[PDB]
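The next block is my_file04.tsv, given as TSV, C-alpha atoms and all ligand atoms.
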chain	number	residue	atom	x	y	z
A	1	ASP	CA	2.69	18.96	-23.32
A	2	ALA	CA	-0.22	16.72	-22.20
A	3	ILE	CA	1.64	17.24	-18.94
A	4	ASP	CA	1.20	21.00	-19.31
A	5	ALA	CA	-2.53	20.52	-19.70
A	6	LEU	CA	-2.84	18.33	-16.58
A	7	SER	CA	-0.63	20.74	-14.71
A	8	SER	CA	-3.04	23.57	-15.61
A	9	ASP	CA	-5.89	21.73	-13.90
A	10	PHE	CA	-4.13	22.33	-10.58
A	11	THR	CA	-5.46	25.35	-8.71
B	1	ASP	CA	25.89	-5.25	15.58
B	2	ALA	CA	22.18	-5.88	16.01
B	3	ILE	CA	22.27	-5.48	12.17
B	4	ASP	CA	25.11	-8.10	12.04
B	5	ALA	CA	22.83	-10.51	14.02
B	6	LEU	CA	19.76	-9.88	11.78
B	7	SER	CA	21.91	-10.19	8.72
B	8	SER	CA	23.20	-13.62	9.91
B	9	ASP	CA	19.55	-14.87	9.93
B	10	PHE	CA	19.43	-14.40	6.18
B	11	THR	CA	20.56	-17.31	4.05
C	1	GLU	CA	-16.81	18.33	-25.53
C	2	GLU	CA	-14.52	18.06	-22.59
C	3	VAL	CA	-14.54	14.34	-22.56
C	4	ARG	CA	-13.36	14.08	-26.19
C	5	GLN	CA	-10.73	16.69	-25.39
C	6	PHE	CA	-9.51	14.51	-22.51
C	7	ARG	CA	-9.51	11.43	-24.90
C	8	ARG	CA	-7.02	13.45	-26.99
C	9	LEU	CA	-4.76	14.34	-24.00
C	10	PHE	CA	-4.94	10.70	-22.85
C	11	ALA	CA	-3.66	9.27	-26.15
C	12	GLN	CA	-0.50	11.24	-25.47
C	13	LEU	CA	-0.16	9.97	-21.90
C	14	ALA	CA	-1.17	6.33	-22.26
C	15	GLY	CA	1.48	3.68	-22.95
C	16	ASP	CA	1.84	1.55	-26.07
C	17	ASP	CA	-1.31	-0.40	-25.24
C	18	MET	CA	-3.39	2.78	-24.62
C	19	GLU	CA	-3.80	2.19	-20.87
C	20	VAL	CA	-1.75	3.82	-18.15
C	21	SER	CA	0.50	1.46	-16.10
C	22	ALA	CA	1.50	2.18	-12.47
C	23	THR	CA	4.95	3.26	-13.74
C	24	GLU	CA	3.42	5.56	-16.36
C	25	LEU	CA	1.12	6.99	-13.68
C	26	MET	CA	4.02	7.58	-11.30
C	27	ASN	CA	5.94	9.34	-14.05
C	28	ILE	CA	3.01	11.58	-15.03
C	29	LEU	CA	2.12	12.54	-11.44
C	30	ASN	CA	5.75	13.36	-10.62
C	31	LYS	CA	6.22	15.56	-13.70
C	32	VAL	CA	3.05	17.42	-12.67
C	33	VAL	CA	3.92	17.95	-9.03
C	34	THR	CA	7.46	19.02	-9.98
C	35	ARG	CA	5.85	22.09	-11.59
C	36	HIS	CA	4.09	22.78	-8.30
C	37	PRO	CA	6.83	23.27	-5.65
C	38	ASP	CA	4.17	24.75	-3.36
C	39	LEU	CA	3.02	21.15	-3.02
C	40	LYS	CA	5.41	19.46	-0.59
C	41	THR	CA	6.08	15.77	-1.21
C	42	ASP	CA	9.06	13.39	-1.65
C	43	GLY	CA	7.32	12.24	-4.84
C	44	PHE	CA	4.76	9.56	-5.70
C	45	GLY	CA	6.56	6.24	-5.19
C	46	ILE	CA	6.09	3.19	-7.34
C	47	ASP	CA	4.46	1.19	-4.51
C	48	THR	CA	1.83	3.90	-3.99
C	49	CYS	CA	1.13	4.14	-7.73
C	50	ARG	CA	0.78	0.35	-8.06
C	51	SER	CA	-1.72	0.55	-5.20
C	52	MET	CA	-3.67	3.43	-6.77
C	53	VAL	CA	-3.79	1.67	-10.12
C	54	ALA	CA	-5.05	-1.53	-8.39
C	55	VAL	CA	-7.94	0.12	-6.53
C	56	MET	CA	-8.89	2.02	-9.72
C	57	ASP	CA	-8.57	-0.97	-12.05
C	58	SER	CA	-12.22	-2.04	-11.75
C	59	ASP	CA	-12.12	-4.02	-15.00
C	60	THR	CA	-8.97	-5.76	-13.79
C	61	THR	CA	-6.91	-5.16	-16.95
C	62	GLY	CA	-3.86	-4.36	-14.80
C	63	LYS	CA	-3.68	-0.71	-15.87
C	64	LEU	CA	-5.84	2.38	-16.16
C	65	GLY	CA	-7.93	2.66	-19.26
C	66	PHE	CA	-9.35	6.02	-20.32
C	67	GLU	CA	-12.45	5.99	-18.10
C	68	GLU	CA	-10.45	4.90	-15.05
C	69	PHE	CA	-7.72	7.50	-15.59
C	70	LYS	CA	-10.31	10.24	-16.19
C	71	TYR	CA	-12.15	9.34	-12.97
C	72	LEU	CA	-8.88	9.32	-11.07
C	73	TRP	CA	-7.60	12.62	-12.48
C	74	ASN	CA	-10.87	14.47	-11.79
C	75	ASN	CA	-10.67	13.44	-8.14
C	76	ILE	CA	-7.01	14.36	-7.96
C	77	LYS	CA	-7.65	17.87	-9.26
C	78	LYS	CA	-10.74	18.26	-7.01
C	79	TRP	CA	-8.72	17.07	-4.04
C	80	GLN	CA	-5.65	19.13	-5.01
C	81	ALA	CA	-7.71	22.33	-4.78
C	82	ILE	CA	-8.90	21.42	-1.29
C	83	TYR	CA	-5.23	20.85	-0.45
C	84	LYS	CA	-4.14	24.34	-1.53
C	85	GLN	CA	-7.37	25.53	0.18
C	86	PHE	CA	-6.47	24.08	3.57
C	87	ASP	CA	-2.80	24.87	3.50
C	88	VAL	CA	-3.47	28.04	5.50
C	89	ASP	CA	0.12	28.20	6.78
C	90	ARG	CA	0.98	27.74	3.10
C	91	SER	CA	3.59	25.34	4.50
C	92	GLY	CA	3.07	23.05	1.53
C	93	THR	CA	1.35	20.46	3.68
C	94	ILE	CA	-1.92	20.29	5.54
C	95	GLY	CA	-1.24	20.94	9.21
C	96	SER	CA	-2.90	18.58	11.69
C	97	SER	CA	-5.23	21.43	12.64
C	98	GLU	CA	-6.63	21.72	9.09
C	99	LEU	CA	-6.83	18.01	8.02
C	100	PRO	CA	-10.16	17.36	9.69
C	101	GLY	CA	-11.62	20.18	7.64
C	102	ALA	CA	-9.81	19.07	4.51
C	103	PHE	CA	-11.40	15.60	4.73
C	104	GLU	CA	-14.70	17.31	5.38
C	105	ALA	CA	-14.32	19.53	2.34
C	106	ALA	CA	-13.68	16.38	0.26
C	107	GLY	CA	-16.95	15.06	1.59
C	108	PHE	CA	-15.58	12.66	4.14
C	109	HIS	CA	-17.30	12.55	7.52
C	110	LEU	CA	-15.44	9.98	9.54
C	111	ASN	CA	-15.37	8.51	13.01
C	112	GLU	CA	-12.79	9.83	15.52
C	113	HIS	CA	-11.14	6.43	15.80
C	114	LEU	CA	-10.88	5.73	12.03
C	115	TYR	CA	-9.65	9.27	11.65
C	116	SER	CA	-6.74	8.67	13.99
C	117	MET	CA	-5.74	5.38	12.33
C	118	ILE	CA	-5.69	7.16	8.93
C	119	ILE	CA	-3.58	9.94	10.42
C	120	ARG	CA	-1.20	7.31	11.83
C	121	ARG	CA	-0.97	5.51	8.46
C	122	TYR	CA	-0.55	8.68	6.33
C	123	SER	CA	0.65	11.76	8.31
C	124	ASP	CA	4.18	12.65	9.46
C	125	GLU	CA	5.38	12.78	13.13
C	126	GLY	CA	3.75	16.19	13.36
C	127	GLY	CA	0.42	14.74	12.33
C	128	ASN	CA	0.62	16.91	9.22
C	129	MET	CA	0.19	15.47	5.73
C	130	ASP	CA	2.02	16.07	2.45
C	131	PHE	CA	0.65	15.91	-1.11
C	132	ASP	CA	1.23	12.37	-2.46
C	133	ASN	CA	0.16	11.12	0.98
C	134	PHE	CA	-3.01	13.22	1.02
C	135	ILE	CA	-3.84	12.23	-2.53
C	136	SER	CA	-3.09	8.56	-2.17
C	137	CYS	CA	-5.03	8.40	1.12
C	138	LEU	CA	-8.09	9.96	-0.56
C	139	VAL	CA	-7.96	7.74	-3.66
C	140	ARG	CA	-8.13	4.71	-1.35
C	141	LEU	CA	-10.78	6.06	1.03
C	142	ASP	CA	-12.81	7.05	-1.97
C	143	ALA	CA	-12.28	3.61	-3.48
C	144	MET	CA	-13.08	1.68	-0.30
C	145	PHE	CA	-16.41	3.53	0.17
C	146	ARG	CA	-17.39	2.87	-3.47
C	147	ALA	CA	-16.26	-0.70	-3.07
C	148	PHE	CA	-18.44	-1.12	0.02
C	149	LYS	CA	-21.48	0.45	-1.66
C	150	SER	CA	-20.93	-1.69	-4.74
C	151	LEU	CA	-20.81	-4.88	-2.65
C	152	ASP	CA	-23.89	-4.01	-0.55
C	153	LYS	CA	-26.43	-4.92	-3.20
C	154	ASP	CA	-29.42	-5.27	-0.91
C	155	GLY	CA	-28.43	-1.90	0.67
C	156	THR	CA	-28.40	-3.19	4.24
C	157	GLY	CA	-25.22	-1.40	5.34
C	158	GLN	CA	-23.49	-4.75	5.79
C	159	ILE	CA	-21.62	-6.94	3.33
C	160	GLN	CA	-20.54	-10.59	3.40
C	161	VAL	CA	-17.42	-12.09	1.81
C	162	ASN	CA	-15.70	-15.46	1.74
C	163	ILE	CA	-11.87	-15.87	2.02
C	164	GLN	CA	-11.39	-15.71	-1.73
C	165	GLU	CA	-13.31	-12.41	-2.07
C	166	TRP	CA	-11.52	-10.98	0.97
C	167	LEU	CA	-8.03	-11.75	-0.34
C	168	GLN	CA	-8.92	-10.39	-3.75
C	169	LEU	CA	-10.30	-7.10	-2.34
C	170	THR	CA	-7.36	-6.61	0.04
C	171	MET	CA	-4.40	-7.98	-1.98
C	172	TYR	CA	-5.38	-6.28	-5.23
C	173	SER	CA	-5.20	-2.79	-3.61
D	1	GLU	CA	16.11	-18.54	25.27
D	2	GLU	CA	16.72	-17.21	21.82
D	3	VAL	CA	13.74	-14.97	22.66
D	4	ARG	CA	15.69	-13.33	25.52
D	5	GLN	CA	18.54	-12.82	23.05
D	6	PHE	CA	16.13	-11.29	20.52
D	7	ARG	CA	15.01	-9.01	23.35
D	8	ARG	CA	18.55	-7.76	23.69
D	9	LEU	CA	18.87	-7.27	19.89
D	10	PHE	CA	15.52	-5.48	19.73
D	11	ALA	CA	16.57	-2.97	22.42
D	12	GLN	CA	19.33	-1.75	20.07
D	13	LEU	CA	16.94	-1.60	17.11
D	14	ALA	CA	13.91	0.10	18.62
D	15	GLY	CA	13.34	3.85	18.81
D	16	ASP	CA	13.23	5.97	21.99
D	17	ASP	CA	9.92	4.43	23.01
D	18	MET	CA	11.11	0.84	22.57
D	19	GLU	CA	8.83	0.31	19.54
D	20	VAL	CA	9.89	0.32	15.85
D	21	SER	CA	8.19	2.97	13.63
D	22	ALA	CA	7.68	2.57	9.87
D	23	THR	CA	10.76	4.74	9.43
D	24	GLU	CA	13.01	2.78	11.79
D	25	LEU	CA	11.69	-0.40	10.10
D	26	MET	CA	12.60	0.92	6.65
D	27	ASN	CA	16.13	1.67	7.74
D	28	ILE	CA	16.65	-1.63	9.55
D	29	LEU	CA	15.46	-3.61	6.50
D	30	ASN	CA	17.47	-1.63	4.00
D	31	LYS	CA	20.60	-1.97	6.14
D	32	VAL	CA	20.07	-5.72	6.08
D	33	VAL	CA	19.31	-6.02	2.33
D	34	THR	CA	22.29	-3.90	1.32
D	35	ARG	CA	24.38	-6.63	2.99
D	36	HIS	CA	22.78	-9.20	0.66
D	37	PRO	CA	23.29	-7.75	-2.88
D	38	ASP	CA	22.40	-11.17	-4.32
D	39	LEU	CA	18.82	-10.04	-3.48
D	40	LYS	CA	17.63	-7.65	-6.15
D	41	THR	CA	15.60	-4.69	-4.86
D	42	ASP	CA	15.17	-0.96	-5.21
D	43	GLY	CA	15.00	-1.04	-1.38
D	44	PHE	CA	12.00	-1.02	1.00
D	45	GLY	CA	9.99	2.21	0.40
D	46	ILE	CA	8.50	4.29	3.18
D	47	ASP	CA	4.99	3.74	1.90
D	48	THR	CA	5.44	-0.04	1.91
D	49	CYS	CA	6.98	0.12	5.46
D	50	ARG	CA	4.03	2.12	6.75
D	51	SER	CA	1.77	-0.49	5.22
D	52	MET	CA	3.72	-3.36	6.77
D	53	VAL	CA	3.68	-1.69	10.20
D	54	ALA	CA	-0.12	-1.00	10.07
D	55	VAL	CA	-0.87	-4.57	9.09
D	56	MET	CA	1.32	-5.93	11.88
D	57	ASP	CA	0.06	-3.38	14.47
D	58	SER	CA	-2.47	-5.60	16.33
D	59	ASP	CA	-2.62	-3.47	19.44
D	60	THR	CA	-2.85	-0.28	17.34
D	61	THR	CA	0.00	1.66	18.97
D	62	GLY	CA	1.11	2.91	15.57
D	63	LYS	CA	4.48	1.11	15.75
D	64	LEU	CA	5.81	-2.43	16.18
D	65	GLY	CA	6.31	-3.62	19.72
D	66	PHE	CA	8.73	-6.42	20.61
D	67	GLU	CA	6.34	-9.33	19.92
D	68	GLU	CA	5.12	-7.79	16.62
D	69	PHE	CA	8.63	-7.09	15.38
D	70	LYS	CA	9.80	-10.59	16.31
D	71	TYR	CA	6.83	-12.10	14.61
D	72	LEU	CA	7.44	-10.01	11.47
D	73	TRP	CA	11.17	-10.82	11.51
D	74	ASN	CA	10.65	-14.60	11.94
D	75	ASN	CA	8.47	-14.49	8.81
D	76	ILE	CA	10.94	-12.34	6.84
D	77	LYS	CA	13.92	-14.60	7.51
D	78	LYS	CA	11.85	-17.69	6.67
D	79	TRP	CA	10.63	-16.16	3.43
D	80	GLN	CA	14.04	-14.85	2.52
D	81	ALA	CA	15.30	-18.46	2.64
D	82	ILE	CA	12.45	-19.42	0.26
D	83	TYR	CA	13.36	-16.54	-2.05
D	84	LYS	CA	16.98	-17.92	-2.36
D	85	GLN	CA	15.56	-21.45	-2.88
D	86	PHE	CA	13.44	-20.31	-5.82
D	87	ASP	CA	15.88	-17.85	-7.47
D	88	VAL	CA	17.10	-20.94	-9.40
D	89	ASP	CA	19.17	-19.14	-12.01
D	90	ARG	CA	20.72	-16.72	-9.41
D	91	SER	CA	19.24	-13.72	-11.26
D	92	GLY	CA	18.50	-11.84	-8.01
D	93	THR	CA	14.67	-12.02	-8.51
D	94	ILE	CA	12.11	-14.88	-8.45
D	95	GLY	CA	11.35	-15.66	-12.07
D	96	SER	CA	7.87	-15.87	-13.48
D	97	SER	CA	8.03	-19.67	-13.85
D	98	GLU	CA	9.31	-20.16	-10.24
D	99	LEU	CA	6.79	-17.85	-8.43
D	100	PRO	CA	3.95	-20.37	-8.09
D	101	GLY	CA	6.35	-22.72	-6.25
D	102	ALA	CA	7.77	-19.94	-4.08
D	103	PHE	CA	4.33	-18.99	-2.73
D	104	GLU	CA	3.44	-22.63	-1.95
D	105	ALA	CA	6.82	-23.10	-0.25
D	106	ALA	CA	5.84	-20.09	1.87
D	107	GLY	CA	2.63	-21.94	2.77
D	108	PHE	CA	0.26	-20.25	0.34
D	109	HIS	CA	-1.92	-22.10	-2.16
D	110	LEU	CA	-3.88	-19.67	-4.33
D	111	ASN	CA	-6.39	-20.17	-7.14
D	112	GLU	CA	-5.30	-18.82	-10.52
D	113	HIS	CA	-7.39	-15.65	-10.46
D	114	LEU	CA	-6.22	-14.40	-7.06
D	115	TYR	CA	-2.73	-15.42	-7.97
D	116	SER	CA	-2.85	-13.46	-11.32
D	117	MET	CA	-4.01	-10.34	-9.48
D	118	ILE	CA	-1.19	-10.59	-6.96
D	119	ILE	CA	1.33	-10.92	-9.78
D	120	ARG	CA	-0.07	-7.80	-11.53
D	121	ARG	CA	0.22	-5.82	-8.28
D	122	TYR	CA	3.72	-6.96	-7.22
D	123	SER	CA	5.70	-8.25	-10.18
D	124	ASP	CA	7.92	-6.34	-12.56
D	125	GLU	CA	7.49	-6.10	-16.34
D	126	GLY	CA	8.49	-9.73	-17.04
D	127	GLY	CA	6.30	-11.07	-14.31
D	128	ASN	CA	9.36	-11.69	-12.07
D	129	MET	CA	9.40	-10.53	-8.42
D	130	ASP	CA	12.16	-8.69	-6.62
D	131	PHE	CA	12.94	-8.98	-2.91
D	132	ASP	CA	11.06	-6.15	-1.21
D	133	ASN	CA	7.96	-6.88	-3.34
D	134	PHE	CA	8.06	-10.63	-2.43
D	135	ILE	CA	8.46	-9.90	1.26
D	136	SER	CA	5.90	-7.08	1.47
D	137	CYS	CA	3.45	-9.16	-0.62
D	138	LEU	CA	3.75	-12.13	1.80
D	139	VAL	CA	3.52	-10.00	4.96
D	140	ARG	CA	0.26	-8.59	3.64
D	141	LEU	CA	-1.09	-11.94	2.38
D	142	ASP	CA	-0.30	-13.60	5.74
D	143	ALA	CA	-1.93	-10.68	7.61
D	144	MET	CA	-5.12	-10.80	5.48
D	145	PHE	CA	-5.42	-14.59	5.86
D	146	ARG	CA	-5.00	-14.16	9.66
D	147	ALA	CA	-7.47	-11.23	9.68
D	148	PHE	CA	-10.17	-13.30	8.00
D	149	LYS	CA	-9.64	-16.21	10.44
D	150	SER	CA	-9.91	-13.98	13.50
D	151	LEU	CA	-13.08	-12.46	12.12
D	152	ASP	CA	-14.59	-15.79	11.15
D	153	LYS	CA	-15.20	-16.69	14.79
D	154	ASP	CA	-18.13	-18.84	13.52
D	155	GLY	CA	-16.03	-21.36	11.62
D	156	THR	CA	-18.42	-20.45	8.82
D	157	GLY	CA	-16.08	-19.36	6.02
D	158	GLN	CA	-17.78	-16.00	5.75
D	159	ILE	CA	-17.40	-12.80	7.63
D	160	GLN	CA	-19.72	-9.85	7.70
D	161	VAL	CA	-18.66	-6.24	8.00
D	162	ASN	CA	-20.29	-2.84	8.24
D	163	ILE	CA	-18.87	0.32	6.70
D	164	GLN	CA	-16.83	1.37	9.77
D	165	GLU	CA	-15.18	-2.03	10.18
D	166	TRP	CA	-14.48	-2.17	6.41
D	167	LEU	CA	-12.74	1.20	6.34
D	168	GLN	CA	-10.73	0.43	9.43
D	169	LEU	CA	-9.49	-2.94	8.06
D	170	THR	CA	-8.79	-1.55	4.55
D	171	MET	CA	-7.49	1.94	5.42
D	172	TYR	CA	-5.29	0.91	8.37
D	173	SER	CA	-3.28	-1.51	6.20
E	201	CA	CA	1.07	1.47	-20.98
E	202	CA	CA	4.95	11.71	0.88
E	203	CA	CA	-8.15	-1.22	-16.07
E	204	CA	CA	-0.26	24.01	6.21
E	205	CA	CA	10.14	4.56	17.73
E	206	CA	CA	2.08	-2.02	18.05
E	207	CA	CA	15.76	-15.88	-10.64
E	208	CA	CA	10.77	-3.55	-5.07
Show how you would write the structure in this file as structure tokens.
Amino acid sequence: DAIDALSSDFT
Amino acid sequence: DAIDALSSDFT
Amino acid sequence: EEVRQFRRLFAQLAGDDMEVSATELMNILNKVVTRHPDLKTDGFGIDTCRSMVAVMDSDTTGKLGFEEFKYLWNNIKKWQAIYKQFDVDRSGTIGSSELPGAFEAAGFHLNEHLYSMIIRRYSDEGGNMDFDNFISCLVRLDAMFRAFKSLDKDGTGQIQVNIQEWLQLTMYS
Amino acid sequence: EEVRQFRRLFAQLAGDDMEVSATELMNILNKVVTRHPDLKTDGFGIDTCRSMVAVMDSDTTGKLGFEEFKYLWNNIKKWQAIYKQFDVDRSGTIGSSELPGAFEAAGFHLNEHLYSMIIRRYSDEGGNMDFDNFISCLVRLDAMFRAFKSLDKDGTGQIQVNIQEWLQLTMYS
């Protein structure tokens, strides 16, 4: 979940 | 063989 | 506010003590890259994460507190875009032909000699570079420049250190 | 000469170009530690092997030549004996209470602060140290002590570095 957020920062 | 030799240097 | 928002995300990622240990870092970075197969890497190893935590642990607590982890993550996402940006071949790595640009894009203008040593220390046989390697190389380069600037108080472009300072700066990295 | 004998041994260990890369080093070391299971370790990682090679690569060829490998190996076998000496409860790792004595037996006498930092960077959760961490820590510590001495040509106890020298010393390590 917090992982999902960080993952979404990746272009 | 060279590994045998290096291994023998270990105590 | 974005910073408060990140505080919130961080509370979920930080360990019991609300700081992120090298092991917690390694585990977070690997779960994130795993969702990005287009990023080639064998994974972030524990040795590399212990090193990244060390150079980022400016308050020497032994782990990354919120400010440290936020600084790190912002660089990682900024550098991870450059990565995808210079992976022209879309090979999942930055070919040797694109790395000089890549470093340039990240704002690093470095000597031909220092450039080759870095390539030797971080690239593969092909002179290409994968993700964890590119990222870890940049975190250190970034940290060593900041470190140098921080130590050059009088701004003379030269710093002086005794053996104790030298071992601290190089062993805790 | 045992050196002529080591020359023969090295010829079987080295890569095509008669030098040992970080990768060949990693495999040689792991083949030797697997034969000593009494030494606890997750194995020598590629990142740590690249770091050990860089730090031992005095003539900057990117790999370890005969004299560098022999030098590195003489230190490893000497330190491995110290590691067995201080694993007093035969737990496979050097315990927190035994580590101070293990470093001194290796010839290193550090002040508390530097010592604490080294333990945060290389020890496990209980403050104990496993085999590859002990060895890679000492290789680095020995190299940084030697680096400072070489640079302190003055006999002063202080060295001065500009930004290029600083990045070279810290990035090629
Ligand atoms: Ca934690
Ligand atoms: Ca890698
Ligand atoms: Ca910290
Ligand atoms: Ca590419
Ligand atoms: Ca070779
Ligand atoms: Ca060499
Ligand atoms: Ca023990
Ligand atoms: Ca280890």
Worksheet entry | Contacts of residue 128 of chain D within 8 Å, only C-alpha atoms, excl. fewer than 4 positions in-chain, as a PyMOL selection string | chain D and resi 93-96+99+123-124
Near residue 116 of chain C, within 12 Å and counting all atoms listed in the file, which residues show up once chain neighbours fewer than 2 positions away are dropped, as an mmCIF file with C-alpha atoms, keeping the file's coordinate frame?
data_model
loop_
_atom_site.group_PDB
_atom_site.id
_atom_site.type_symbol
_atom_site.label_atom_id
_atom_site.label_comp_id
_atom_site.auth_asym_id
_atom_site.auth_seq_id
_atom_site.Cartn_x
_atom_site.Cartn_y
_atom_site.Cartn_z
ATOM 1 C CA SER C 96 -2.900 18.580 11.690
ATOM 2 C CA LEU C 99 -6.830 18.010 8.020
ATOM 3 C CA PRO C 100 -10.160 17.360 9.690
ATOM 4 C CA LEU C 110 -15.440 9.980 9.540
ATOM 5 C CA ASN C 111 -15.370 8.510 13.010
ATOM 6 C CA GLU C 112 -12.790 9.830 15.520
ATOM 7 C CA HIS C 113 -11.140 6.430 15.800
ATOM 8 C CA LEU C 114 -10.880 5.730 12.030
ATOM 9 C CA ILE C 118 -5.690 7.160 8.930
ATOM 10 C CA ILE C 119 -3.580 9.940 10.420
ATOM 11 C CA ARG C 120 -1.200 7.310 11.830
ATOM 12 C CA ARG C 121 -0.970 5.510 8.460
ATOM 13 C CA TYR C 122 -0.550 8.680 6.330
ATOM 14 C CA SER C 123 0.650 11.760 8.310
ATOM 15 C CA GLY C 127 0.420 14.740 12.330
ATOM 16 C CA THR D 60 -2.850 -0.280 17.340
ATOM 17 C CA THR D 61 0.000 1.660 18.970
ATOM 18 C CA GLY D 62 1.110 2.910 15.570
ATOM 19 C CA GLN D 168 -10.730 0.430 9.430
ATOM 20 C CA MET D 171 -7.490 1.940 5.420
ATOM 21 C CA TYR D 172 -5.290 0.910 8.370
#
Discussion item. Could you list, as number ranges by chain, all protein and nucleic acid residues with an atom at most 7 Å from ligand CA 207 (chain E), counting all atoms listed in the file?
Written reply: D: 86-95
Fill in: Exercise answer, chain A residues close to chain C, 6 Å and all atoms listed in the file, as a PyMOL selection string
chain A and resi 2+7+10-11
Item to complete: Please give me, as an MDAnalysis selection string, the residues lying within 7 Å of ligand CA 205 (chain E) when counting only C-alpha atoms and all ligand atoms.
Response: chainID D and resid 14:21 24 63
Would you superpose chain B on chain A, least squares on all C-alpha atoms in order, and hand back the fitted chain as a PDB file with C-alpha atoms, in the coordinates of the input?
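After the write, result_26.pdb holds the following:
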ATOM      1  CA  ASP B   1       2.492  19.082 -23.279  1.00  0.00           C
ATOM      2  CA  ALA B   2      -0.141  16.646 -22.061  1.00  0.00           C
ATOM      3  CA  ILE B   3       1.672  17.280 -18.711  1.00  0.00           C
ATOM      4  CA  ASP B   4       1.279  21.080 -19.304  1.00  0.00           C
ATOM      5  CA  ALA B   5      -2.514  20.506 -19.761  1.00  0.00           C
ATOM      6  CA  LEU B   6      -2.838  18.312 -16.611  1.00  0.00           C
ATOM      7  CA  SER B   7      -0.748  20.757 -14.677  1.00  0.00           C
ATOM      8  CA  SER B   8      -3.087  23.643 -15.696  1.00  0.00           C
ATOM      9  CA  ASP B   9      -5.998  21.735 -14.030  1.00  0.00           C
ATOM     10  CA  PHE B  10      -4.279  22.150 -10.687  1.00  0.00           C
ATOM     11  CA  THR B  11      -5.048  25.298  -8.743  1.00  0.00           C
TER      12      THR B  11
END
Worksheet entry | chain D residues near chain C (8 Å cut-off, all atoms listed in the file) as an MDAnalysis selection string | chainID D and resid 45 47:48 50:51 54 62 114 117:118 120:122 140:141 144:145 148 157:164 166:168 170:173
Grab the residues selected above and save them as a short mmCIF file (atom, residue, chain, number, x, y, z; two decimals), in the coordinates of the input with C-alpha atoms.
data_model
loop_
_atom_site.label_atom_id
_atom_site.label_comp_id
_atom_site.auth_asym_id
_atom_site.auth_seq_id
_atom_site.Cartn_x
_atom_site.Cartn_y
_atom_site.Cartn_z
CA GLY D 45 9.99 2.21 0.40
CA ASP D 47 4.99 3.74 1.90
CA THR D 48 5.44 -0.04 1.91
CA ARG D 50 4.03 2.12 6.75
CA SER D 51 1.77 -0.49 5.22
CA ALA D 54 -0.12 -1.00 10.07
CA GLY D 62 1.11 2.91 15.57
CA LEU D 114 -6.22 -14.40 -7.06
CA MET D 117 -4.01 -10.34 -9.48
CA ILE D 118 -1.19 -10.59 -6.96
CA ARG D 120 -0.07 -7.80 -11.53
CA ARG D 121 0.22 -5.82 -8.28
CA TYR D 122 3.72 -6.96 -7.22
CA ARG D 140 0.26 -8.59 3.64
CA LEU D 141 -1.09 -11.94 2.38
CA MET D 144 -5.12 -10.80 5.48
CA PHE D 145 -5.42 -14.59 5.86
CA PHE D 148 -10.17 -13.30 8.00
CA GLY D 157 -16.08 -19.36 6.02
CA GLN D 158 -17.78 -16.00 5.75
CA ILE D 159 -17.40 -12.80 7.63
CA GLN D 160 -19.72 -9.85 7.70
CA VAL D 161 -18.66 -6.24 8.00
CA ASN D 162 -20.29 -2.84 8.24
CA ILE D 163 -18.87 0.32 6.70
CA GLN D 164 -16.83 1.37 9.77
CA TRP D 166 -14.48 -2.17 6.41
CA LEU D 167 -12.74 1.20 6.34
CA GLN D 168 -10.73 0.43 9.43
CA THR D 170 -8.79 -1.55 4.55
CA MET D 171 -7.49 1.94 5.42
CA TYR D 172 -5.29 0.91 8.37
CA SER D 173 -3.28 -1.51 6.20
#
Please, which residues in chain C fall within 8 Å of ligand CA 202 (chain E) when counting only C-alpha atoms and all ligand atoms, and what is the closest atom pair and distance in Å to one decimal for each, ordered by chain then residue number, as CSV?
residue,atom,partner,partner_atom,distance
C:40,CA,E:CA202,CA,7.9
C:41,CA,E:CA202,CA,4.7
C:42,CA,E:CA202,CA,5.1
C:43,CA,E:CA202,CA,6.2
C:44,CA,E:CA202,CA,6.9
C:129,CA,E:CA202,CA,7.8
C:130,CA,E:CA202,CA,5.5
C:131,CA,E:CA202,CA,6.3
C:132,CA,E:CA202,CA,5.0
C:133,CA,E:CA202,CA,4.8
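Between atom CA of residue 8 of chain B and atom CA of residue 4 of chain D there is a distance of 17.3 Å.
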Residue rebuild result segment 1-7 of chain A, N, CA and C atoms as a JSON list (two decimals), in the coordinates of the input:
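Once written, rebuild_7.json looks like this:
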[["chain", "number", "residue", "atom", "x", "y", "z"],
["A", 1, "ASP", "N", 3.86, 18.36, -22.60],
["A", 1, "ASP", "CA", 2.69, 18.96, -23.32],
["A", 1, "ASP", "C", 1.32, 18.51, -22.78],
["A", 2, "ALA", "N", 1.04, 17.19, -22.78],
["A", 2, "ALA", "CA", -0.22, 16.72, -22.20],
["A", 2, "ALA", "C", -0.02, 17.00, -20.72],
["A", 3, "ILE", "N", 1.25, 16.96, -20.32],
["A", 3, "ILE", "CA", 1.64, 17.24, -18.94],
["A", 3, "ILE", "C", 1.24, 18.68, -18.63],
["A", 4, "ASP", "N", 1.61, 19.61, -19.51],
["A", 4, "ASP", "CA", 1.20, 21.00, -19.31],
["A", 4, "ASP", "C", -0.30, 21.10, -19.07],
["A", 5, "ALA", "N", -1.09, 20.43, -19.90],
["A", 5, "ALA", "CA", -2.53, 20.52, -19.70],
["A", 5, "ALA", "C", -2.91, 20.04, -18.32],
["A", 6, "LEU", "N", -2.49, 18.84, -17.91],
["A", 6, "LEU", "CA", -2.84, 18.33, -16.58],
["A", 6, "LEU", "C", -2.39, 19.30, -15.51],
["A", 7, "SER", "N", -1.16, 19.79, -15.66],
["A", 7, "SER", "CA", -0.63, 20.74, -14.71],
["A", 7, "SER", "C", -1.54, 21.97, -14.58]]
